[PDB]
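Only one structure is covered here, and it is reproduced in the block below.
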Amino acid sequence: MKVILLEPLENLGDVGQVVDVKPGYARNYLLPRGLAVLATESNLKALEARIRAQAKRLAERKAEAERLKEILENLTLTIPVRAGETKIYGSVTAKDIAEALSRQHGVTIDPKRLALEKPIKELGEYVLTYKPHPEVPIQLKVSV
Amino acid sequence: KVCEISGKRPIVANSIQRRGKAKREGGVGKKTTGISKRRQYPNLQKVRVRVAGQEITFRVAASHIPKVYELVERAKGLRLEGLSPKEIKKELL
Amino acid sequence: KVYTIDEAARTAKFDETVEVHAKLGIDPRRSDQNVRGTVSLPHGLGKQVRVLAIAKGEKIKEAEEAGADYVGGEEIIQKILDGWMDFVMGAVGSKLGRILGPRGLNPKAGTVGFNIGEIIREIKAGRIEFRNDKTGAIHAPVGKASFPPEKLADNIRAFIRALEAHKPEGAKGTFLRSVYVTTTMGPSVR
RNA sequence: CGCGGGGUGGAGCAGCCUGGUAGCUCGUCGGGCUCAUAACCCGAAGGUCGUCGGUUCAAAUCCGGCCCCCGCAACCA
RNA sequence: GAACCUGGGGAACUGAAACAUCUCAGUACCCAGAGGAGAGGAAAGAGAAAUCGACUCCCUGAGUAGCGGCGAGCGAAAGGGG
RNA sequence: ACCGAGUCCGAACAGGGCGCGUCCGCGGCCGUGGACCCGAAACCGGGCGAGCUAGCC
RNA sequence: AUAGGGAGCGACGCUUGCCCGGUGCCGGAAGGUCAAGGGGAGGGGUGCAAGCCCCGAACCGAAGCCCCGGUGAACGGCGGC
RNA sequence: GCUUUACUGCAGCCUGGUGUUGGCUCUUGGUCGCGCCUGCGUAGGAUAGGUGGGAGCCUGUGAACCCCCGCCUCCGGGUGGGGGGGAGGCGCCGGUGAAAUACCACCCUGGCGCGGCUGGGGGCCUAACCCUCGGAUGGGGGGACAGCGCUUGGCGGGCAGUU
RNA sequence: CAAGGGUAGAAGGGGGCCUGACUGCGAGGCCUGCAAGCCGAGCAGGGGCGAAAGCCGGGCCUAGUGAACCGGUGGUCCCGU
Ligand SMILES: [Mg+2]
Ligand SMILES: [Mg+2]
Ligand SMILES: [Mg+2]
Ligand SMILES: [Mg+2]
Ligand SMILES: [Mg+2]
Ligand SMILES: [Mg+2]
Ligand SMILES: [Mg+2]
Ligand SMILES: [Mg+2]
Ligand SMILES: [Mg+2]
Ligand SMILES: [Mg+2]
Ligand SMILES: [Mg+2]
Ligand SMILES: [Mg+2]
Ligand SMILES: [Mg+2]
Ligand SMILES: [Mg+2]
Ligand SMILES: [Mg+2]
Ligand SMILES: [Mg+2]
Ligand SMILES: [Mg+2]
Ligand SMILES: [Mg+2]
Ligand SMILES: [Mg+2]
Ligand SMILES: [Mg+2]
Ligand SMILES: [Mg+2]
Ligand SMILES: [Mg+2]
Ligand SMILES: [Mg+2]
Ligand SMILES: [Mg+2]
Ligand SMILES: [Mg+2]
Ligand SMILES: [Mg+2]
Ligand SMILES: [Mg+2]
Ligand SMILES: [Mg+2]
Ligand SMILES: [Mg+2]
Ligand SMILES: [Mg+2]
Ligand SMILES: [Mg+2]
Ligand SMILES: [Mg+2]
Ligand SMILES: [Mg+2]
Ligand SMILES: [Mg+2]
Ligand SMILES: [Mg+2]
Ligand SMILES: [Mg+2]
Ligand SMILES: [Mg+2]
Ligand SMILES: [Mg+2]
Ligand SMILES: [Mg+2]
Ligand SMILES: [Mg+2]
Ligand SMILES: [Mg+2]
Ligand SMILES: [Mg+2]
Ligand SMILES: [Mg+2]
Ligand SMILES: [Mg+2]
Ligand SMILES: [Mg+2]
Ligand SMILES: [Mg+2]
Ligand SMILES: [Mg+2]
Ligand SMILES: [Mg+2]
Ligand SMILES: [Mg+2]
Ligand SMILES: [Mg+2]
Ligand SMILES: [Mg+2]
Ligand SMILES: [Mg+2]
Ligand SMILES: [Mg+2]
Ligand SMILES: [Mg+2]
Ligand SMILES: [Mg+2]
Ligand SMILES: [Mg+2]
Ligand SMILES: [Mg+2]
Ligand SMILES: [Mg+2]
Ligand SMILES: [Mg+2]
Ligand SMILES: [Mg+2]
Ligand SMILES: [Mg+2]
Ligand SMILES: [Mg+2]
Ligand SMILES: [Mg+2]
Ligand SMILES: [Mg+2]
Ligand SMILES: [Mg+2]
Ligand SMILES: [Mg+2]
Ligand SMILES: [Mg+2]
Ligand SMILES: [Mg+2]
Ligand SMILES: [Mg+2]
Ligand SMILES: [Mg+2]
Ligand SMILES: [Mg+2]
Ligand SMILES: [Mg+2]
Ligand SMILES: [Mg+2]
Ligand SMILES: [Mg+2]
Ligand SMILES: [Mg+2]
Ligand SMILES: [Mg+2]
Ligand SMILES: [Mg+2]
Ligand SMILES: [Mg+2]
Ligand SMILES: [Mg+2]
Ligand SMILES: [Mg+2]
Ligand SMILES: [Mg+2]
Ligand SMILES: [Mg+2]
Ligand SMILES: [Mg+2]
Ligand SMILES: [Mg+2]
Ligand SMILES: [Mg+2]
Ligand SMILES: [Mg+2]
Ligand SMILES: [Mg+2]
Ligand SMILES: [Mg+2]
Ligand SMILES: [Mg+2]
Ligand SMILES: [Mg+2]
Ligand SMILES: [Mg+2]
């Protein structure tokens, strides 16, 4: 009894799987509760449509969210907000870094995603990270 | 009675009683010690299903049981809405 | 797999001890199935083949030049039944079971290599080879080997034991051919 | 007529479930001995195991021909 | 709606010189439907031919082939001519 | 099977068993049809009856 | 369930004995026998073959019957010389 | 027409197998891929099952005294888990026996733990089916039973046809 | 072995070799509604006893039995959709 699952359940593989059962089990429990569906070619095929249109439509976050490292990885920042002897001008913060994360050129930008633990408020050569796929740590130069 | 999905209905068969040992073995052969007329009914079973607004019930051979379920998917391509257990049925094929 | 690789039988100091086992019909009817000892074999072992084939007393001269190191005659007759279990012979040919102390009191008793003169001829091929056994009240076949001195010579048991059987009446089926012992195990398709 | 379960002391009759063991009451004989009789008590004759045959140091046992009584689906022009 | 047609159901007397298989008989009859007809119909056919070529109806084949308490009795098809 | 004025049984150049019209009419008789005519007691099918009678509401 | 069905007897009085061998009915989770089905040792038919087809032992397989026991206001029976 | 332990059926009732027929379980079967078991009359360190080969497996893959302590019975150990740990034991050869102990192949008479193919016997659940509840796409109860389909065998003058 | 007919010039009693209690046929008859039942010379094959002539296709004779159909075995030149 070919059946395609949904909310995965023990003894039966994870969601969207072509697992076999007992006719009764399916007709009187699964299907009724919407915990599965019949492996009718009509769906069994419309499933691959969930696949290719998700597996072959993944070269975007996996193969293009990456280009957020092909251009804004190897390009200096340098804080145009000088400083004292060591405590930086502009406090150098997630914002005073995200303002021109895209300004410098023109392809992508972001504000929150930053391995910025605590506001720098101190001169130096910092280089933290971003997210979520391969983490891209950008070179920030807290100049004086 | 008669299957709503496959039209199967009871047929007349003949209850044939035989005596004696076959020819396939010992010998002489089998003798009909009687032949009564009789009917064989199809394994009718009751099948209730949700489908659309109301939950309708089909009466069908155990053989053609799935055919009713695959008959509900296809139903999903129809404009039911109207609350009538009857009509929905006719509305199936 | 239409064949069985003749190489893989590699616990010894010189592997040539590989055996040939089988399993057909166990105690069929009220008889069975026994295999002749020194038949011939496509080769001929390599151990001390003391074919003490106790034939005519005239088997001490030329009967010790192409058969065995020591071949009994008529001086090793009842002088082997009264001098301990030291003084294994076979037997004689023709209709005269002369079992005085070599084929009655207990090892071999097949026959003598039809020569009626000695044992050095060259019209045979079973002087220095491997013997055999018989059933076992459960198992069967039994044997030794052929010889280790060639390439595809490991297929000498697939023609002298795995392709040479004609001593069984009616049982069921001879399915086994699982050979090779005292080292490896070749229970392939033989 | 086909599968397949056993014959044992005169009789009742266990081992064969994994091969050396000749089991016992009653009954037969003497005794012990009691009121007669009876349980009981001790000794004891009382089984080439149907047998042509394979198997073993030893075979009733591993087991073949069926010889016979019980069981015996069913069949029966 | 007289018969005719198709489908769904479907006897017994009788015959077998008793009777049960068998026969009568898918007859009588009940029911539904069709129509001036009805049914069938363009091969998942026939059957031995280097074959034929929808279906139906008639003549033959044929009381043959066979079926059968191998009893009583039942009884085709191909092919050929229309 | 097949053979053929022969063939079968048989081993048998023994024997013995079997080996020469159609069509129409007419008449007698036979088979299947009720089959010379009338006659049951009964069997089955589909209906019609509880305005008589029986029970009950 | 002081109700409903079946059976025999038939106000009331005094009572209603003995026999479970057979028959019936009730109780027996053991044994024996037992169908389809399961199972397949082994065997057969063809094919060059893979194979495709058949028969088919042992063993597992219910009710029922055999067996054990009960039961008479159950069917019945209730001595001879 | 009636009867019955006359024949043959049929209704009806009983019954196995499958179908409707599902979850989770604990317990055992048939047995084919497995892992290791066992036979203790004599020889005997011991309990050698067999046919035969038959003189090295073993060693930092740790070969010997040592301890927790599982198993089975013929109470001998067959056998085996942790650490100290060591550098050699088994056996051919021998006693002996109808066969001989290092070793490996392949057989099982009984047996057996990790698992498939799979059948039984219990439980529990609920969601099929069934019954119920001032209407319920819901709640109670029963529950994979019962019912109903196909099929097995049986009882079967209740009825039928007949002799 | 019932009775009868027959029979010692054996069909009776005893012994020695044997298996004709043959196969393939069968002139001609008895009896007779049918089909059954009965007798049988002789020819061929291959034998048995006898020196041989010859006798032997069960038994002194008359009962000791059962059409067909349906099946079971063993074979064989046959048919084999
Ligand atoms: Mg299923
Ligand atoms: Mg019958
Ligand atoms: Mg009829
Ligand atoms: Mg009839
Ligand atoms: Mg189906
Ligand atoms: Mg009709
Ligand atoms: Mg009739
Ligand atoms: Mg009549
Ligand atoms: Mg008549
Ligand atoms: Mg009559
Ligand atoms: Mg009739
Ligand atoms: Mg008819
Ligand atoms: Mg008819
Ligand atoms: Mg009809
Ligand atoms: Mg009709
Ligand atoms: Mg009409
Ligand atoms: Mg009309
Ligand atoms: Mg028309
Ligand atoms: Mg049409
Ligand atoms: Mg077409
Ligand atoms: Mg065409
Ligand atoms: Mg078409
Ligand atoms: Mg044809
Ligand atoms: Mg008949
Ligand atoms: Mg007819
Ligand atoms: Mg024609
Ligand atoms: Mg034509
Ligand atoms: Mg002639
Ligand atoms: Mg006439
Ligand atoms: Mg007339
Ligand atoms: Mg007439
Ligand atoms: Mg009259
Ligand atoms: Mg009348
Ligand atoms: Mg009537
Ligand atoms: Mg009527
Ligand atoms: Mg009326
Ligand atoms: Mg009235
Ligand atoms: Mg009235
Ligand atoms: Mg009462
Ligand atoms: Mg009452
Ligand atoms: Mg009452
Ligand atoms: Mg009365
Ligand atoms: Mg009265
Ligand atoms: Mg009193
Ligand atoms: Mg009384
Ligand atoms: Mg009384
Ligand atoms: Mg008394
Ligand atoms: Mg008394
Ligand atoms: Mg009684
Ligand atoms: Mg009783
Ligand atoms: Mg009783
Ligand atoms: Mg009884
Ligand atoms: Mg009972
Ligand atoms: Mg039982
Ligand atoms: Mg069976
Ligand atoms: Mg079967
Ligand atoms: Mg099967
Ligand atoms: Mg097989
Ligand atoms: Mg039972
Ligand atoms: Mg009985
Ligand atoms: Mg008891
Ligand atoms: Mg009891
Ligand atoms: Mg009793
Ligand atoms: Mg009585
Ligand atoms: Mg009358
Ligand atoms: Mg009913
Ligand atoms: Mg049932
Ligand atoms: Mg059932
Ligand atoms: Mg429950
Ligand atoms: Mg519930
Ligand atoms: Mg409800
Ligand atoms: Mg509910
Ligand atoms: Mg419950
Ligand atoms: Mg059920
Ligand atoms: Mg039945
Ligand atoms: Mg029945
Ligand atoms: Mg009956
Ligand atoms: Mg009657
Ligand atoms: Mg009657
Ligand atoms: Mg009649
Ligand atoms: Mg009669
Ligand atoms: Mg006289
Ligand atoms: Mg004489
Ligand atoms: Mg005549
Ligand atoms: Mg003559
Ligand atoms: Mg002659
Ligand atoms: Mg006589
Ligand atoms: Mg006589
Ligand atoms: Mg005489
Ligand atoms: Mg007849
Ligand atoms: Mg032919």
Selection from the stretch A:54-76 of residues farther than 19 Å from residue A:101 by Cα and outside any helix (DSSP H, G or I) yields A:56, A:57, A:58, A:59, A:60, A:62, A:63
Within the stretch B:13-25, does at least one residue satisfy the condition of being more than 30 Å from residue A:29 (Cα to Cα), within 13 Å of RNA strand E (Cβ to nearest atom) and under 17 Å from the mean Cα position of the chain (by Cα)?
yes
Discussion item. Taking the conditions exactly as written (over 14 Å from the mean Cα position of the chain (by Cα), hydrophobic (A, V, I, L, M, F, W, C) and away from RNA strand E (no atom under 16 Å from the Cβ)), does residue C:81 satisfy them or not?
Written reply: yes
Going through the stretch A:24-53 in order, the residues found to be outside any helix (DSSP H, G or I) and away from chain B (no Cβ under 12 Å) are A:35, A:36
Exception for residue B:91 within (1) more than 14 Å from chain A (Cβ to nearest Cβ); (2) loosely packed, with under 12 Cβ neighbours inside 10 Å falls at (2)
Of (1) surrounded by fewer than 18 Cβ atoms within 10 Å (Cβ to Cβ); (2) within 21 Å of residue C:107 (Cβ to Cβ), residue C:11 satisfies every one except (2)
Worksheet entry | Test result for residue C:25, among the small types (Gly, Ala, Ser), assigned to a loop (DSSP other than H, G, I, E, B) and away from RNA strand H (no atom under 14 Å from the Cβ) | no
Among strands (runs of 3 or more DSSP E) completely within the stretch B:1-50, the ones holding 3 or more residues that are more than 16 Å from RNA strand I (Cβ to nearest atom) and charged (D, E, K, R) are B:31-40
Screening C:101, C:46, C:97 for residues that are out of contact with any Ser or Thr (no Cβ under 9 Å at 6 or more places or on another chain) and farther than 30 Å from residue C:32 by Cβ leaves only C:46
Exercise. Do we find a residue being away from RNA strand G (no atom under 16 Å from the Cβ), of a type in the set (D, E, K, R) and farther than 22 Å from residue B:77 by Cβ anywhere in the stretch B:53-67?
Worked result: yes
Checked the stretch B:39-72 for anything within 16 Å of residue A:23 (Cβ to Cβ) and polar (S, T, N, Q); matches are B:43, B:45, B:63
The residue that is nearest to RNA strand G (Cβ to nearest atom), considering only those in the stretch C:144-160 that are within 21 Å of residue C:10 (Cα to Cα) and crowded, with 20+ Cβ neighbours inside 10 Å, is C:158
Selection from the stretch B:38-66 of residues within 14 Å of another protein chain (Cβ to nearest Cβ) and within 30 Å of residue B:14 (Cβ to Cβ) yields B:45, B:46, B:60, B:62, B:63, B:64, B:65
Filtering the stretch C:132-143 for residues that are crowded, with 21+ Cβ neighbours inside 10 Å and part of a loop (DSSP other than H, G, I, E, B) leaves a count of 2
Taking the stretch B:18-31 and keeping residues surrounded by fewer than 11 Cβ atoms within 10 Å (Cβ to Cβ) and within 16 Å of ligand 2 (Cβ to nearest atom) leaves B:19, B:28, B:31
When (1) in contact with a strand residue (DSSP E or B) (Cβ under 6 Å, 6 or more places away or on another chain); (2) within 16 Å of RNA strand G (Cβ to nearest atom) are applied to residue C:21, the one that fails is (2)
Over the stretch B:67-79, the set of residues surrounded by 11 or more Cβ atoms within 10 Å (Cβ to Cβ), over 19 Å from residue B:9 (Cβ atoms) and within 12 Å of chain A (Cβ to nearest Cβ) is B:69, B:70, B:71, B:72, B:73, B:74
Looking at the stretch C:176-190, is at least one residue over 19 Å from residue C:39 (Cβ atoms) and within 16 Å of RNA strand G (Cβ to nearest atom)? yes
task = With the condition kept exactly as written, say whether any residue in the stretch B:5-22 is within 14 Å of chain A (Cβ to nearest Cβ) and under 28 Å from residue A:43 (Cβ atoms).
result = no
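FYI, it's all coordinate maths here, none of it is from the lab. Cβ coordinates were reconstructed from backbone atoms using ideal geometry, including for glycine residues, and neighbour counts include every protein chain displayed.
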